[PDB]
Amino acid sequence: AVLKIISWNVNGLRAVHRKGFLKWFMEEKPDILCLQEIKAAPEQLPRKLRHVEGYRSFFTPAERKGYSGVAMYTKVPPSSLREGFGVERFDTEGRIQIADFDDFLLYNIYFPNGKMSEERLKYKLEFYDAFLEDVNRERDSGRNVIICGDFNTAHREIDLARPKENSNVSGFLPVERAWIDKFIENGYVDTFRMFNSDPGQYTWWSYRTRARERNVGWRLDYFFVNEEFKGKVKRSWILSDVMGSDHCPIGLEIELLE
């Protein structure tokens, strides 16, 4: 048995629902679907959004209504979920689900966008720092870990269409890219790069100026695993053609212990 995980920053769950979300979900049939940018009070949702037959759903909203928020649909419920790193300023923005499954912990993370200001940038970097503390503790415990979501940073030049013009733009700052380097050096693997070494492989395009059509995009969304688990990763891919958000979904297929 394999387990398929999809991660998708949906740019608002209500928004994506109006653009083919449930048809896609039913057709893709992931075992686990991690979503970011729900932008909805979980109670405000129609029961066919938050209920999808065959899945347990778990929603982790921000304190601020209509902002941020993550969600997980899973056929098999986790033994529990954590909704934070145990650090209150990173825990109230609806960015964190850490779901405890059998073979592994699944971090479903909506990493902060650092573009709006220097405060938001510091926020993002410290969020990164607290994330790294969290995940290291868990896999140091002996947990195999899968981390997915919107990292809001393109790692290397290959990871976006315009590395030069974005050198001093949050998303592609040396400091941000250096964090992913450090993250990787702690024994985590960017799984997409395990199987696909190609350029032009992105997960986000600006809605504007035909960015998706000109493939002017960034790979902002990732699946990382710890080194010790990478042997279990069978596939890691971008669902490039799936529409309805400014991000496309990304996929991970892993093989379960019998």
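Start at 1 with the first residue shown and count on from there. Note that the rigid core is defined as the largest set of C-alphas that superpose within 1.5 Å between two forms.
S.K.: Between 74-82 and 136-144, which has its CA atoms farther from the current form in 4 other deposited structures of this protein, using a rigid core superposition?
M.R.: If we average over structures and residues in 4 other deposited structures of this protein, the farther stretch is 74-82.
S.K.: Comparing against the shown form in 4 other deposited structures of this protein, which stretch has the larger RMS C-alpha deviation after a rigid core superposition, 222-230 or 39-47?
M.R.: The more displaced stretch in 4 other deposited structures of this protein turns out to be 39-47.
S.K.: Averaging only over Cα atoms, indicate whether 72-80 or 116-124 has the higher B-factor in the PDB entry.
M.R.: Comparing 72-80 with 116-124, the higher mean C-alpha B-factor belongs to 116-124.
S.K.: Using only C-alpha atoms and the B-factors in the entry, which stretch averages higher, 107-115 or 136-144?
M.R.: The deposited B-factors put 136-144 ahead on the C-alpha mean.
S.K.: With respect to the C-alpha temperature factors reported in the PDB entry, which of 37, 221, 213, 43 ranks highest?
M.R.: Of 37, 221, 213, 43, 43 has the highest C-alpha B-factor.
S.K.: Which one of 99, 87, 158, 96 shows the biggest C-alpha B-factor in the PDB entry?
M.R.: Largest recorded C-alpha B-factor: 87.
S.K.: Quick check for you: using the entry's CA B-factors within this chain, is residue 171 in the lowest, middle or highest third?
M.R.: Its C-alpha B-factor, which the entry lists for residue 171, ranks in the middle third among residues of this chain.
S.K.: For the chain shown, is the CA B-factor of residue 26 in the lowest, middle or highest third of its modelled residues?
M.R.: Highest third.
S.K.: Sorting the chain's CA B-factors, does residue 60 end up in the lowest, middle or highest third?
M.R.: Tercile = lowest for this residue's CA B-factor.
S.K.: Divide the modelled residues of the chain into thirds by Cα B-factor and specify which third, lowest, middle or highest, holds residue 19.
M.R.: Highest third of the chain for residue 19's C-alpha B-factor.
S.K.: Of the three thirds of its chain by CA temperature factor, lowest, middle or highest, which one includes residue 225?
M.R.: Middle third.
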